[PDB]
Ligand SMILES: O=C1CN[C@H](c2cc3ccccc3[nH]2)CN1
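In the entry's author numbering, the protein residues as written are 1 to 168.
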């Protein structure tokens, strides 16, 4: 069982921790709580192989730049999830890209673009534009709805396949 280190990134309001709880113990929370450092270490069966996923929900607040740039080199699987409730999240992607690539020292990284909050009637970002920006990054775009548990498995299964492709 290989341990995969995952780092969740995104703006405040997207509910990163909520997305984790809905996957780990499969529970949804409406309340928001400022997370700092933890480890949602759960084993998942992918392609018939049970792997250990070390999902770490990082602080969405810009008050730990030192700690952030510290072990950012250990960030294997970056979880970039954006919401349609905020259009700025579509711009924040570029900021994250420059931050990640800089510490990764590589332009090639197994990552996917997932859009959540598809249970909201307000769509500030369309599918065409979403896929377009994803293509410019060389990453696949998938729609995910944590609230109704849709596309969660689909997006996760493909992600692992991409990572293994980069590894071997
Ligand atoms: O108790 C803990 C706290 N989080 C640690 C962690 C470090 C790390 C680096 C990169 C991606 C995910 C990561 N998770 C693991 N165990």
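In this text, a Cβ means the ideal position worked out from N, Cα and C, and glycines have one as well.
Does the beta-carbon of residue i, which I'm using as the reference point, lie nearer than 7 Å to any heavy atom of ligand 1?
i, result
"residue 19", "no"
"residue 122", "no"
"residue 74", "yes"
"residue 5", "yes"
"residue 57", "no"
"residue 33", "no"
"residue 30", "no"
"residue 38", "yes"
"residue 71", "yes"
"residue 105", "no"
"residue 92", "no"
"residue 54", "yes"
According to DSSP, is residue i helix, strand or coil?
i, result
"residue 157", "helix"
"residue 74", "helix"
"residue 54", "strand"
"residue 66", "helix"
"residue 162", "helix"
Since residue i and residue j are thought to touch, with beta carbons under 8 Å apart, how far apart are those beta carbons, to the nearest angstrom?
i, j, result
"residue 114", "residue 144", "5 Å"
"residue 74", "residue 57", "With 8 Å as the limit, residue 74 and residue 57 do not qualify as a contact, their Cβ atoms being about 15 Å apart."
"residue 46", "residue 6", "That belief does not hold up - the Cβ atoms of residue 46 and residue 6 are roughly 13 Å apart, past 8 Å."
"residue 112", "residue 14", "Residue 112 to residue 14, Cβ: 16 Å. No contact."
"residue 4", "residue 49", "Residue 4 to residue 49, Cβ: 11 Å. No contact."
Taking the alpha-carbon positions, what's the residue i to residue j distance?
i, j, result
"residue 127", "residue 120", "15 Å"
"residue 130", "residue 1", "34 Å"
"residue 134", "residue 66", "29 Å"
"residue 61", "residue 68", "11 Å"
"residue 92", "residue 101", "14 Å"
"residue 146", "residue 21", "10 Å"
"residue 44", "residue 157", "10 Å"
Could you give the uninterrupted runs of the alpha helix (DSSP H) lying entirely in the segment 1 to 45, keeping only those of 4 residues or more? 16 to 24
Continuous alpha helix (DSSP H) assignments of at least 4 residues falling wholly in the segment 92 to 145: 127 to 137
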